[PDB]
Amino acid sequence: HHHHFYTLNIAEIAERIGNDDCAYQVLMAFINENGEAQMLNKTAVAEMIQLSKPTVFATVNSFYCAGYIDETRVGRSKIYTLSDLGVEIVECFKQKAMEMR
């Protein structure tokens, strides 16, 4: 293509994500059973979520743009990992009620 600081309320972000089935699952996909932040590609993320690939891929790409996950290029592939911001958003889900994940 040709077209190549703020105080954020992450509690309110957690609330909105909590109410979006795909967003919630994409974010928590990066947390393992031990509760640690793991590295994944989009294919991996999509494999643990029962929604279309285009939907999941776009959500992953959006989360990168938003600064919730960082990107590591390897060959033609991209590996994603939670950022500091992404982890703090995850932490907002501690003792938070969830309705139909």
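Residue numbers run from 1 along the displayed sequence.
- The modelled chain breaks after residue 4 and resumes at residue 5, leaving 10 or more residues of the deposited sequence without coordinates.
- Annotation for 8 to 16 versus 80 to 88: the higher mean temperature factor (C-alpha) is found in 8 to 16.
- Comparing 42 to 50 with 57 to 65, the stretch with the higher mean C-alpha B-factor in the PDB entry is 42 to 50.
- In the PDB entry, a CA B factor belonging to the highest third of its chain's modelled residues is recorded for residue 74.
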